[PDB]
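Asks: Quick one: this structure, given as structure tokens, is what I'll be asking you about.
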Amino acid sequence: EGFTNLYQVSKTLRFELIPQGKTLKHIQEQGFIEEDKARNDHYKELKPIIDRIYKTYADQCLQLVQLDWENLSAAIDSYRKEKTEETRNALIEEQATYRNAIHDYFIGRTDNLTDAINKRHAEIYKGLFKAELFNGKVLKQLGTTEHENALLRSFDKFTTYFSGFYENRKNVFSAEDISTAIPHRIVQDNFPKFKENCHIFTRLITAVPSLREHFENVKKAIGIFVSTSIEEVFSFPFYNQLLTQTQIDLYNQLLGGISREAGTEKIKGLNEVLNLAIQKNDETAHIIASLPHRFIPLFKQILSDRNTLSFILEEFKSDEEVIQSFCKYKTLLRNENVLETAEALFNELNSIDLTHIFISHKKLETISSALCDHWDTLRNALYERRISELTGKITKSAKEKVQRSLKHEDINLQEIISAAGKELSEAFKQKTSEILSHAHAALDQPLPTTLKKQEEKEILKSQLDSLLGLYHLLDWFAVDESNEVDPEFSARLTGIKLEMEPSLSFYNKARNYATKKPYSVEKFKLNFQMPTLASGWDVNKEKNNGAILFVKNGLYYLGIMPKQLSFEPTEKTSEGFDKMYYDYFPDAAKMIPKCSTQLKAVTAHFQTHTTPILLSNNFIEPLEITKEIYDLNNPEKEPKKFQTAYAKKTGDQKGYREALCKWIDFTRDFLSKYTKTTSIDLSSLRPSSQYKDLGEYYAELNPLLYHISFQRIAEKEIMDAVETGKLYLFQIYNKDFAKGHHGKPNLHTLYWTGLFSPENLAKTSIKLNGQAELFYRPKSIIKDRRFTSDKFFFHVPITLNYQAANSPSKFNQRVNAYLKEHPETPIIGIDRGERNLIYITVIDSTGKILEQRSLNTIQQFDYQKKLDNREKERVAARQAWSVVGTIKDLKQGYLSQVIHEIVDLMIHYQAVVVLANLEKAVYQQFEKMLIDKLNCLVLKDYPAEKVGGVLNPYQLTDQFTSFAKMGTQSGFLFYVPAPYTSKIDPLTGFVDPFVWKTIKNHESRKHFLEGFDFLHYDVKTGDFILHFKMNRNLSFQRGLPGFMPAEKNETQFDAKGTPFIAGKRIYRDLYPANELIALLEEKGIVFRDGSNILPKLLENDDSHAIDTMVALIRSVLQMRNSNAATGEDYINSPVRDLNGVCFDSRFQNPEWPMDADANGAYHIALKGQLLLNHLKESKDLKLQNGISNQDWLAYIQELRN
RNA sequence: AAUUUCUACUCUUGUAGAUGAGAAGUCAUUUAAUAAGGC
DNA sequence: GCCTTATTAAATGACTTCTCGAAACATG
DNA sequence: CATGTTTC
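Letter by letter, the first sequence follows residues 5 to 147, 151 to 571, 578 to 793, 858 to 995, 1008 to 1135, 1141 to 1160, 1173 to 1307 in full-length UniProt numbering.
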């Protein structure tokens, strides 16, 4: 062990602040809260405005850019046709090049546009990241109603709020590859999708040129990109035209299509036309089907609202809006009172001549399902009557023409009536009278009040439901005037349909307002009328930040001193609080140059002068600088000399060590001479010449700059200051701090007390950070109480392992050279089984199982059933227009305890944990929180200074930088591929070698049976043996030969005495053996002599008997047999091991997996043994990349045979 | 049925575990409605 | 009844970037 | 000059 203090972790603590004495009253009198929330409100108001600034500028820039994307296209193509570290790097660096080109356009050093406009853009940018935005001078250049500027100097003199915001906006414009940057989105996101789209287009054309023309006029029909050929919109320079959002939109529409007001025919986009073409199911459609069919739409451009040429409804504001406008609509519809004339039309149609009543072909199938048994029944009742009416000889060709004649033509009413009989008629009449009655019902019943509560919403949903149902019913009949219709009928039928369309609009608007989220009050930011509030903690500018701390006998206190004086310390244990004293020097990388080399005066003198310059201000011993140092940190070159990138370009380390050596010497000069840090005793630091890379030096320098001292003040003084109003005191408090709580505390409270413990204050494994904020949340054995009062919340960050390195240096290789050193440690592994969501496993290094568990239920609570009920209730809520609700809190309380004992008997077994890398939200969440808990591990009982305590944590996982860059192995957690863990009998280490999609027709089934050597009956044992050599049936197989070259249905009993049938297989569950005990007696084949049965069935060549035999071999070869109703998930093995045992998980032997999922987890963990046993097998190295199925599959067997 | 907050609890005016916050952005998915089709 | 492709709205969920600062500077 | 702002 000893894995601790490897890399720092930063966490955030939350507390409640309780005002003391007049403090709370003071806030009321000052009304800080109203101004604070008011400023928050104004911030939400102000954001989209300033965002219009950023957006407009980015738009101008991106309009200007035209690049040649071919080099990038090659960099991708050259990535994989064949890909290695070389092609990967080369592509990363050309990605870099294109990114940096766009960013060049942004900052105005690009070579492309003229230098005057370049200067314009640069000036604009430099203005774009600071309070300059609010002055409005920056807005002046770009091409501001009286409201916005009022908000603008509402935040004037306060702008440092938006300080945070500034960074985010820089994150949009950065040239670094970061998902949130525009250049990234253009280079790495959109352009590859574009290029692939060009590919799809080109392949499709070289296969099907007709399609090209279709594409052209599809583009003609959508009206997009009229000036440009279809072949050009798939050229790369067009992707130059694709950088603005408006263009991205238009593109994605030419793929997607335009949809205007509901009920009207939709305009088809390319993807649609392709899909329809495929569903035409001819030779062509077969071809397209073989090719890629679906163009990829581009991602949204950062920061900018999407646009559409399609239709969007007018929003519904509130209750009175929806109900008043709806009620007006319905009372209008009853004022027309031709809901009566709909019934009049249905009686009319059962009276009038029926052949003139026509039904749309599109609606016919829905008709058949509604009024009749199934859709099939009406459509092919029509079919066989139309066939019966065919003349003379009948060709299948004719029957085909029948089918497409039904799909392309409307039907008279007595055609369907006479085809399906009169059972359909009064089915019709019955549904008719129903849909009308319901409609009439909803027209009478009034509308409620407001919609505030659900049942109130329910009558609305129902009424709209039945109105809309009448609309559908009316929508059944043939629209076109081409069809022959009794003029009165069709005339006022289209009349009442026109009457019923606003019900469609009302339905959708109503759904959209109703299903909106309900209002909730939550926390807002308290800065107490200073913009720098709780920026950072230390001494000089506490006066500026107004925030200090206090401790009394274990009580914590946040003091906050809004501005318009000082505090006097005394000896300890005289009636008073101990106040923290903080002195801190933020990271000297940023800072030392700021306070020494980068001063405006230093620069200004140095462009003029060579002669060095001493500076006397905030320096005990005057500190001088020389051209060598100043230009050392400002080369007028891209790389800094002492950082390694310079070392790669310059390839000469001698000079580089000289550079970083004298730079470090300068840092120590400064420190020894700087007012704050001259007092700090640096003796611990190694000789300056020694350090290999500068970053380490900076990390070892930086902790000695953080000191937490403490001094007791007296409580009469600041009782007076509190009751004055000069100082606002809150108790930092939580549940563990109240009273009459002693059970063990929460982990964050241990972080806190331990943070301020005397031993940590001695020297620090944990540190207090700035950036803390204050919060006010208004209200909404009594629960939710904490939300029914107005309360103050305190957010402070802390850091763990301060002394430790910023990022783990080479964590995983050594992290198990620890596993290199003891193969003894067992292996935990995990599968997410569908039957039971989490399943664990623990296997001995020798390969013998220890424990098998399910976590469906923990702490005598089933979380699987609670979840199951919860998501059922969810979808019920969404189809009912009920508030959906959040499952995340439940999910992670469950997974909270799961994490708890997972790491607990990870510890007690001192083992490596192994997970599965690819329903699945629960899994991915699971190992997220697991990785997080193993980045920092603390045990509540342990003493602080002992490893595992609040001062010394365990870290078993490489730092989580992100999920995408995760290698298979992180720290002790090892990722492994899922496949074949699930489906493999453990004893056998055997599978179905083949996909069953290649055994399709009768010839291939015959060949498949001719690949097997023999099939005969064993008289002694009573079961059948089928021998197969893995070198046969190579055309059917999945290409996994593995290692080996080549059940009587009984009533067995488990360890508990429960009966089950041997060899039973499973929706549908049935035994394959007893038919072959029938099938062979149906064909009269003699199997009881041990005779080979296969040549008799193949020489007999019965089609049905051979298909049934292949289906039997199918069912035997399926090991996982599961039916949810029975609760059966089991593994039964088709082959017998060398010990003469057919494994069945229904025997319930604990030495072996109890259910399919248990076997799943079991080989998952065992594969980890295979991996760390491979690098046990090869001396030294670094963990293996991936497992191939072929390498895994072989393995078990030698081990197992 | 009490919480910085979550989940689970109640011999205990509380109990066991968990808990990286804030800001910004993006993507995915569900449901409904609609359009053209497939079965 | 189910499904494909697409558009619209409402919803939840999940991922990815940055900050976690005292002191220099400037504005009036 | 004091303090919000911008810095490296």
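Using N, Cα and C, we set each Cβ at its ideal position, and we do this for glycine too.
1) Once DSSP output is grouped into helix, strand and coil, what is the label at residue 1026?
2) Roughly how many angstroms lie between the CA atoms of residue 1048 and residue 892, to the nearest whole one?
3) Among the residues of its own chain, which have a CB less than 8 Å from the CB of residue 163, if the five just before and after it don't count?
4) Determine the direct distance from the alpha carbon of residue 753 to that of residue 544, and round the result to whole angstroms.
5) Would you list the residues sitting across from residue 1066 in a DSSP beta bridge?
6) Under the assumption that residue 1140 contacts residue 314 (Cβ atoms under 8 Å), give the Cβ distance between them as a whole number of angstroms.
7) Under DSSP, the alpha helix (DSSP H) around residue 566 begins and ends at which residues?
8) Take residue 909 as the anchor and find which of 231, 1264, 109, 924 has the nearest alpha-carbon.
9) Between 446, 1115, 437, 395, which lies nearest to residue 422 when the distance is taken from Cα to Cα?
10) With residue 1145 as the anchor, note down where its beta strand (DSSP E) starts and where it stops.
11) Going by the beta-carbon positions, is the gap between residue 389 and residue 426 smaller than 8 Å?
12) Once you ignore the five residues that flank residue 920 on each side, which residues in its own chain have a CB closer than 8 Å to its CB?
13) With 16 other CB atoms within 10 Å as the buried threshold, where does residue 1134 fall?
14) As an exercise, report each continuous beta strand (DSSP E) stretch of at least 3 residues that is fully enclosed by the stretch 328-386, in chain order.
15) Check the DSSP bridge columns for residue 939 and list the partner residues they point to.
16) Taking all protein chains shown into account, decide if residue 32 is buried (16 or more other Cβ within 10 angstroms of its Cβ) or exposed.
17) State the Cα-Cα distance for the pair residue 1195 and residue 1187, rounded to the nearest angstrom.
18) Compute the distance between the beta-carbons of residue 1179 and residue 1228, then report whether it is under 8 Å.
19) Looking at residue 1100: is its Cβ nearer than 8 Å to the Cβ of residue 1127?
20) Can you list, in chain order, the residues of its chain whose CB lies under 7 Å from that of residue 432, leaving out five sequence neighbours each side?
21) Please report the residue range of the beta strand (DSSP E) in which residue 593 lies.
22) State the Cα-Cα distance for the pair residue 408 and residue 285, rounded to the nearest angstrom.
23) Which of the three DSSP states, helix, strand or coil, is assigned to residue 744?
24) In angstroms, rounded to a whole number, what distance separates the CA positions of residue 198 and residue 210?
25) For residue 1151, which of helix, strand or coil comes out of DSSP?
26) In three-state DSSP terms, what is residue 18?
27) How big is the Cα-Cα spacing for residue 778 and residue 11?
28) Just to confirm, are residue 307 and residue 237 a CB contact at a threshold of 8 Å?
29) Would you say residue 1023 and residue 1056 are within 8 Å of each other, going by their C-beta atoms?
30) On the criterion of 16 or more Cβ atoms from any shown chain inside 10 Å, does residue 65 qualify as buried, or is it exposed?
31) Pairs of beta-carbons, one from the stretch 528-539 and one from the stretch 702-714, closer than 8 Å: are there three or more?
32) Is it right to say residue 337 is buried, meaning 16 or more other beta carbons lie within 10 angstroms of its own, or is it exposed?
33) Mapping DSSP to helix, strand and coil, what is residue 870?
34) Rounded to the nearest angstrom, how far is the Cβ of residue 1309 from that of residue 225, given a contact under 8 Å?
35) Quick check on this structure: which residue in 503, 924, 787, 359 has the alpha carbon closest to the alpha carbon of residue 554?
36) Where residue 143 and residue 171 are concerned, what is the direct C-alpha to C-alpha distance, given to the nearest angstrom?
Replies: This is what the structure holds:
1) Correct three-state label for residue 1026: strand.
2) The alpha-carbon atoms of residue 1048 and residue 892 are separated by roughly 12 Å.
3) Once the five neighbours on either side are set aside, the close Cβ partners of residue 163 are 138.
4) Going by the C-alpha atoms only, they are around 32 Å apart.
5) DSSP, once it has assigned bridges, lists 994 as partnering residue 1066.
6) Since the model of the chain includes 1135 and then 1141 but nothing between them, residue 1140 has no atomic positions to report.
7) Careful: residue 566 lies outside any alpha helix (DSSP H), inside the beta strand (DSSP E) at 562-567.
8) Of the candidates 231, 1264, 109, 924, 1264 places its Cα closest to the Cα of residue 909.
9) Comparing Cα positions, the closest option is 395.
10) Going by DSSP, residue 1145 is part of the beta strand (DSSP E) stretching over 1145-1147.
11) A distance below 8 Å separates the beta carbons of residue 389 and residue 426.
12) Correct list, in chain order: 903, 904, 906, 926, 927, 1268, 1271, 1272, 1275.
13) A residue is called buried when at least 16 other Cβ atoms come within 10 angstroms of its Cβ; residue 1134 does not meet this threshold and is exposed.
14) Within the stretch 328-386, no run of beta strand (DSSP E) reaches 3 residues while sitting entirely inside it.
15) Answer is 934, bridged to residue 939.
16) So residue 32 ends up on the exposed side.
17) The straight-line gap from Cα to Cα measures roughly 14 Å.
18) Taking 8 Å as the Cβ cut-off, residue 1179 and residue 1228 do not qualify as a contacting pair.
19) Taking 8 Å as the Cβ cut-off, residue 1100 and residue 1127 do not qualify as a contacting pair.
20) In its chain, beyond the 5 residues on either side, 424 have a beta carbon closer than 7 Å to the beta carbon of residue 432.
21) Per DSSP, residue 593 belongs to the beta strand (DSSP E) from 591-596.
22) Their backbone Cα atoms lie some 20 Å apart in a straight line.
23) Here residue 744 sits in strand by DSSP.
24) In a straight line, the C-alpha of residue 198 is about 18 Å away from that of residue 210.
25) In this structure, residue 1151 counts as coil in the three-state DSSP scheme.
26) In the structure shown, residue 18 adopts extended strand secondary structure according to DSSP, grouped into three states.
27) Rounded to the nearest angstrom, the two C-alpha atoms are 11 Å apart.
28) Remark: C-beta atoms of residue 307 and residue 237 do not approach each other more closely than 8 Å.
29) Taking a C-beta distance under 8 Å as the contact criterion, residue 1023 and residue 1056 do not qualify as a contact pair.
30) Label assigned to residue 65: buried.
31) The stretch 702-714 and the stretch 528-539 do not touch, with fewer than three beta-carbon pairs separated by less than 8 Å.
32) By the neighbour-count rule (16 or more Cβ atoms within 10 Å), residue 337 is buried.
33) Of the three classes helix, strand and coil, the one that applies to residue 870 here is strand, per DSSP.
34) Residue 1309 falls outside the range modelled here, since the chain spans only 5 to 1307, and no answer is possible.
35) Taking only the C-alpha atoms, the option nearest residue 554 is 787.
36) Distance from the CA of residue 143 to the CA of residue 171, rounded to the nearest whole angstrom, comes to 21 Å.
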